[PDB]
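S.K.: Submitted below is the structure of interest, expressed as structure tokens.
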Amino acid sequence: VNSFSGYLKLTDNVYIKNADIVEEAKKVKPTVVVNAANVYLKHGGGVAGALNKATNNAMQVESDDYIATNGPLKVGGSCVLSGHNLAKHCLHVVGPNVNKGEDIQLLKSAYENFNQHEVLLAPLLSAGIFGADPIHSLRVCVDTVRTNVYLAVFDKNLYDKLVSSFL
Ligand SMILES: C[C@@H]1[C@@H](C(=O)O)CCCN1S(=O)(=O)c1c[nH]c2ncc(Cl)cc12
């Protein structure tokens, strides 16, 4: 038993809710919240900009030190940093950005990072401003992640379309 509430169960291990991931993180304080990161950990907009804003820019300060030490992430890669006031940890995961021409096949590699964590609160990778089809992202999620994932979808219209078209 965990504290996630109001989710629709899609599979044995994947759950979905129309929710603002920032507000959901603030309420649940999950062990892991996933950020929709880029390789530079520049949290300017989308999910990343919202999570960072909610940390009063502490996520960005920590991220800048991480990059100065380690260099950029790989597309499809991840790093674990603090969850600040939102979660114990933040798993920064880089899905491919279609608006940069990145290979969509890397979306599966991106989701594989979730398997290193027993339970996660997450957005749909490569959705939103990353330009991928969210229905496809959900399919890759279900077919790749084996750990327990609670997906927060900000847009109610998109949430209803994801549920209604889910196979
Ligand atoms: C897939 C989501 C989708 C959702 O999950 O409802 C709705 C719009 C597109 N994006 S987005 O790229 O991540 C995004 C852009 N700005 C944002 N600000 C805050 C938050 Cl929480 C998410 C975003």
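Ligands are numbered from 1 in the order shown, residues from 1 within each chain, and chains are lettered A, B, ... in the order they appear in the structure tokens.
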Name the residues in contact with residue 14 of chain A at a cut-off of 9 Å, using only C-alpha atoms, excluding same-chain residues fewer than 4 positions from it; report them as a PyMOL selection string.
M.R.: chain A and resi 8-10+141-142+145-151
S.K.: Could you list, as a count of residues only, all the residues within 8 Å of ligand 1, counting only C-alpha atoms and all ligand atoms?
M.R.: 30
S.K.: Which parts of chain A does DSSP call strand (DSSP E or B) when run on the backbone here, written out as a ChimeraX atom specification?
M.R.: /A:8-9,14-18,32-36,78-82,89-93,119-122,148-153
S.K.: Per DSSP on the backbone, filter segment 16-76 of chain A down to the residues in alpha helix (DSSP H) and report them as a PDB file with N, CA, C and O atoms, in the first residue's frame.
M.R.:
ATOM      1  N   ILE A  21       1.834  17.598 -11.765  1.00  0.00           N
ATOM      2  CA  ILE A  21       2.872  16.822 -11.090  1.00  0.00           C
ATOM      3  C   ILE A  21       3.477  17.595  -9.926  1.00  0.00           C
ATOM      4  O   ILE A  21       3.888  16.998  -8.924  1.00  0.00           O
ATOM      5  N   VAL A  22       3.534  18.924 -10.022  1.00  0.00           N
ATOM      6  CA  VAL A  22       4.057  19.732  -8.920  1.00  0.00           C
ATOM      7  C   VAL A  22       3.165  19.590  -7.694  1.00  0.00           C
ATOM      8  O   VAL A  22       3.640  19.356  -6.575  1.00  0.00           O
ATOM      9  N   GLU A  23       1.856  19.740  -7.890  1.00  0.00           N
ATOM     10  CA  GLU A  23       0.920  19.634  -6.777  1.00  0.00           C
ATOM     11  C   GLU A  23       0.871  18.213  -6.241  1.00  0.00           C
ATOM     12  O   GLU A  23       0.769  17.998  -5.027  1.00  0.00           O
ATOM     13  N   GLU A  24       0.963  17.229  -7.129  1.00  0.00           N
ATOM     14  CA  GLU A  24       0.965  15.845  -6.689  1.00  0.00           C
ATOM     15  C   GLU A  24       2.201  15.541  -5.862  1.00  0.00           C
ATOM     16  O   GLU A  24       2.113  14.898  -4.810  1.00  0.00           O
ATOM     17  N   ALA A  25       3.357  16.027  -6.306  1.00  0.00           N
ATOM     18  CA  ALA A  25       4.582  15.809  -5.543  1.00  0.00           C
ATOM     19  C   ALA A  25       4.493  16.468  -4.172  1.00  0.00           C
ATOM     20  O   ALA A  25       4.855  15.863  -3.156  1.00  0.00           O
ATOM     21  N   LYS A  26       3.990  17.703  -4.124  1.00  0.00           N
ATOM     22  CA  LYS A  26       3.851  18.418  -2.850  1.00  0.00           C
ATOM     23  C   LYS A  26       2.978  17.660  -1.862  1.00  0.00           C
ATOM     24  O   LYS A  26       3.221  17.697  -0.650  1.00  0.00           O
ATOM     25  N   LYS A  27       2.004  16.936  -2.346  1.00  0.00           N
ATOM     26  CA  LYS A  27       1.068  16.271  -1.455  1.00  0.00           C
ATOM     27  C   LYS A  27       1.531  14.883  -1.049  1.00  0.00           C
ATOM     28  O   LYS A  27       1.394  14.496   0.117  1.00  0.00           O
ATOM     29  N   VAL A  28       2.082  14.131  -1.991  1.00  0.00           N
ATOM     30  CA  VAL A  28       2.520  12.768  -1.713  1.00  0.00           C
ATOM     31  C   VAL A  28       3.923  12.730  -1.104  1.00  0.00           C
ATOM     32  O   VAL A  28       4.212  11.880  -0.255  1.00  0.00           O
ATOM     33  N   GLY A  46       8.097  23.711 -19.549  1.00  0.00           N
ATOM     34  CA  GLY A  46       7.465  22.419 -19.435  1.00  0.00           C
ATOM     35  C   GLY A  46       7.454  21.926 -17.997  1.00  0.00           C
ATOM     36  O   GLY A  46       7.422  22.704 -17.030  1.00  0.00           O
ATOM     37  N   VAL A  47       7.492  20.601 -17.855  1.00  0.00           N
ATOM     38  CA  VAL A  47       7.547  19.989 -16.532  1.00  0.00           C
ATOM     39  C   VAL A  47       8.765  20.479 -15.758  1.00  0.00           C
ATOM     40  O   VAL A  47       8.673  20.785 -14.563  1.00  0.00           O
ATOM     41  N   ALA A  48       9.926  20.536 -16.418  1.00  0.00           N
ATOM     42  CA  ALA A  48      11.150  20.919 -15.721  1.00  0.00           C
ATOM     43  C   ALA A  48      11.053  22.335 -15.171  1.00  0.00           C
ATOM     44  O   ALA A  48      11.436  22.600 -14.023  1.00  0.00           O
ATOM     45  N   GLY A  49      10.582  23.271 -15.989  1.00  0.00           N
ATOM     46  CA  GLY A  49      10.459  24.635 -15.510  1.00  0.00           C
ATOM     47  C   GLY A  49       9.515  24.733 -14.332  1.00  0.00           C
ATOM     48  O   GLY A  49       9.756  25.499 -13.398  1.00  0.00           O
ATOM     49  N   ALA A  50       8.426  23.961 -14.363  1.00  0.00           N
ATOM     50  CA  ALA A  50       7.470  23.966 -13.264  1.00  0.00           C
ATOM     51  C   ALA A  50       8.055  23.341 -12.000  1.00  0.00           C
ATOM     52  O   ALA A  50       7.903  23.901 -10.905  1.00  0.00           O
ATOM     53  N   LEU A  51       8.719  22.166 -12.115  1.00  0.00           N
ATOM     54  CA  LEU A  51       9.309  21.567 -10.911  1.00  0.00           C
ATOM     55  C   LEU A  51      10.359  22.503 -10.312  1.00  0.00           C
ATOM     56  O   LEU A  51      10.395  22.726  -9.099  1.00  0.00           O
ATOM     57  N   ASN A  52      11.210  23.078 -11.155  1.00  0.00           N
ATOM     58  CA  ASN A  52      12.275  23.935 -10.643  1.00  0.00           C
ATOM     59  C   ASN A  52      11.698  25.177  -9.955  1.00  0.00           C
ATOM     60  O   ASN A  52      12.168  25.575  -8.883  1.00  0.00           O
ATOM     61  N   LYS A  53      10.681  25.797 -10.575  1.00  0.00           N
ATOM     62  CA  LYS A  53      10.030  26.949  -9.963  1.00  0.00           C
ATOM     63  C   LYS A  53       9.510  26.603  -8.572  1.00  0.00           C
ATOM     64  O   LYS A  53       9.637  27.397  -7.633  1.00  0.00           O
ATOM     65  N   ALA A  54       8.915  25.420  -8.424  1.00  0.00           N
ATOM     66  CA  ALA A  54       8.379  24.982  -7.140  1.00  0.00           C
ATOM     67  C   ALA A  54       9.465  24.795  -6.078  1.00  0.00           C
ATOM     68  O   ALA A  54       9.163  24.874  -4.885  1.00  0.00           O
ATOM     69  N   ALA A  58      16.181  26.050  -6.430  1.00  0.00           N
ATOM     70  CA  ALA A  58      17.219  25.210  -5.835  1.00  0.00           C
ATOM     71  C   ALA A  58      17.564  24.027  -6.733  1.00  0.00           C
ATOM     72  O   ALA A  58      18.727  23.613  -6.787  1.00  0.00           O
ATOM     73  N   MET A  59      16.581  23.475  -7.447  1.00  0.00           N
ATOM     74  CA  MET A  59      16.864  22.415  -8.413  1.00  0.00           C
ATOM     75  C   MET A  59      17.879  22.882  -9.459  1.00  0.00           C
ATOM     76  O   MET A  59      18.816  22.151  -9.797  1.00  0.00           O
ATOM     77  N   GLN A  60      17.698  24.095  -9.999  1.00  0.00           N
ATOM     78  CA  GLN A  60      18.627  24.609 -11.007  1.00  0.00           C
ATOM     79  C   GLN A  60      20.024  24.807 -10.435  1.00  0.00           C
ATOM     80  O   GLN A  60      21.014  24.485 -11.098  1.00  0.00           O
ATOM     81  N   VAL A  61      20.129  25.349  -9.219  1.00  0.00           N
ATOM     82  CA  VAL A  61      21.437  25.568  -8.602  1.00  0.00           C
ATOM     83  C   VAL A  61      22.171  24.240  -8.441  1.00  0.00           C
ATOM     84  O   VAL A  61      23.353  24.110  -8.790  1.00  0.00           O
ATOM     85  N   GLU A  62      21.472  23.224  -7.925  1.00  0.00           N
ATOM     86  CA  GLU A  62      22.070  21.905  -7.772  1.00  0.00           C
ATOM     87  C   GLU A  62      22.470  21.325  -9.123  1.00  0.00           C
ATOM     88  O   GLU A  62      23.530  20.695  -9.263  1.00  0.00           O
ATOM     89  N   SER A  63      21.603  21.497 -10.119  1.00  0.00           N
ATOM     90  CA  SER A  63      21.849  20.966 -11.455  1.00  0.00           C
ATOM     91  C   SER A  63      23.070  21.608 -12.100  1.00  0.00           C
ATOM     92  O   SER A  63      23.844  20.935 -12.786  1.00  0.00           O
ATOM     93  N   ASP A  64      23.244  22.918 -11.920  1.00  0.00           N
ATOM     94  CA  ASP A  64      24.389  23.594 -12.518  1.00  0.00           C
ATOM     95  C   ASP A  64      25.695  23.058 -11.942  1.00  0.00           C
ATOM     96  O   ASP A  64      26.678  22.879 -12.671  1.00  0.00           O
ATOM     97  N   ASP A  65      25.722  22.782 -10.637  1.00  0.00           N
ATOM     98  CA  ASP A  65      26.900  22.163 -10.037  1.00  0.00           C
ATOM     99  C   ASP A  65      27.122  20.756 -10.591  1.00  0.00           C
ATOM    100  O   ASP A  65      28.261  20.360 -10.866  1.00  0.00           O
ATOM    101  N   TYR A  66      26.043  19.979 -10.764  1.00  0.00           N
ATOM    102  CA  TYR A  66      26.175  18.637 -11.338  1.00  0.00           C
ATOM    103  C   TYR A  66      26.814  18.696 -12.725  1.00  0.00           C
ATOM    104  O   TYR A  66      27.721  17.911 -13.037  1.00  0.00           O
ATOM    105  N   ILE A  67      26.331  19.602 -13.583  1.00  0.00           N
ATOM    106  CA  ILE A  67      26.857  19.693 -14.947  1.00  0.00           C
ATOM    107  C   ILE A  67      28.300  20.186 -14.944  1.00  0.00           C
ATOM    108  O   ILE A  67      29.135  19.714 -15.722  1.00  0.00           O
ATOM    109  N   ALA A  68      28.613  21.148 -14.081  1.00  0.00           N
ATOM    110  CA  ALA A  68      29.983  21.647 -14.024  1.00  0.00           C
ATOM    111  C   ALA A  68      30.956  20.536 -13.662  1.00  0.00           C
ATOM    112  O   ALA A  68      32.097  20.529 -14.131  1.00  0.00           O
ATOM    113  N   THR A  69      30.517  19.578 -12.844  1.00  0.00           N
ATOM    114  CA  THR A  69      31.377  18.467 -12.442  1.00  0.00           C
ATOM    115  C   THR A  69      31.406  17.342 -13.470  1.00  0.00           C
ATOM    116  O   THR A  69      32.473  16.774 -13.742  1.00  0.00           O
ATOM    117  N   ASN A  70      30.246  16.989 -14.031  1.00  0.00           N
ATOM    118  CA  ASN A  70      30.082  15.747 -14.778  1.00  0.00           C
ATOM    119  C   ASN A  70      29.862  15.926 -16.267  1.00  0.00           C
ATOM    120  O   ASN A  70      29.953  14.933 -17.002  1.00  0.00           O
TER     121      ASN A  70
END
S.K.: Using only C-alpha atoms, find each residue in segment 18-41 of chain A having at least one atom no more than 6 Å away from segment 79-93 of chain A; report its shortest atom-to-atom pair and that distance in Å (one decimal), rows by chain then rising number, as JSON lines.
M.R.:
{"residue": "A:25", "atom": "CA", "partner": "A:86", "partner_atom": "CA", "distance": 5.2}
{"residue": "A:26", "atom": "CA", "partner": "A:86", "partner_atom": "CA", "distance": 5.2}
{"residue": "A:29", "atom": "CA", "partner": "A:87", "partner_atom": "CA", "distance": 4.6}
{"residue": "A:30", "atom": "CA", "partner": "A:87", "partner_atom": "CA", "distance": 5.0}
{"residue": "A:31", "atom": "CA", "partner": "A:88", "partner_atom": "CA", "distance": 4.8}
{"residue": "A:32", "atom": "CA", "partner": "A:89", "partner_atom": "CA", "distance": 4.9}
{"residue": "A:33", "atom": "CA", "partner": "A:90", "partner_atom": "CA", "distance": 5.0}
{"residue": "A:34", "atom": "CA", "partner": "A:91", "partner_atom": "CA", "distance": 4.7}
{"residue": "A:35", "atom": "CA", "partner": "A:92", "partner_atom": "CA", "distance": 4.7}
{"residue": "A:36", "atom": "CA", "partner": "A:93", "partner_atom": "CA", "distance": 5.7}
{"residue": "A:37", "atom": "CA", "partner": "A:93", "partner_atom": "CA", "distance": 5.4}
S.K.: If we count only C-alpha atoms and set the cut-off at 6 Å, which residues sit around segment 99-113 of chain A, ignoring sequence neighbours fewer than 3 positions away in its own chain? Please answer as a PyMOL selection string.
M.R.: chain A and resi 76-77+95-96+116+131
S.K.: Tell me which of A:16, A:41, A:57, A:161 sits closest to residue 78 of chain A, counting only C-alpha atoms.
M.R.: A:41
S.K.: Looking at only C-alpha atoms, which of A:144, A:56, A:132, A:97 is the one that sits closest to residue 114 of chain A?
M.R.: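 Using only C-alpha atoms, residue 114 of chain A sits closest to A:144.
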S.K.: Please indicate the distance in Å from atom CA of residue 117 of chain A to atom CA of residue 55 of chain A, rounded to one decimal place.
M.R.: 22.1 Å
S.K.: Give me, please, the distance in Å between atom CA of residue 137 of chain A and atom CA of residue 39 of chain A, quoted to one decimal.
M.R.: 18.9 Å
S.K.: For the atom pair atom CA of residue 71 of chain A and atom CA of residue 42 of chain A, what is the interatomic distance in Å to one decimal place?
M.R.: 12.5 Å
S.K.: Which one of A:3, A:40, A:162, A:17 sits closest to residue 122 of chain A if you count only C-alpha atoms?
M.R.: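 For residue 122 of chain A, the nearest of the given residues is A:17.
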S.K.: With only C-alpha atoms as the atoms that count, which of A:139, A:94, A:6, A:15 lies nearest to residue 119 of chain A?
M.R.: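 That would be A:15, the residue with the smallest distance to residue 119 of chain A.
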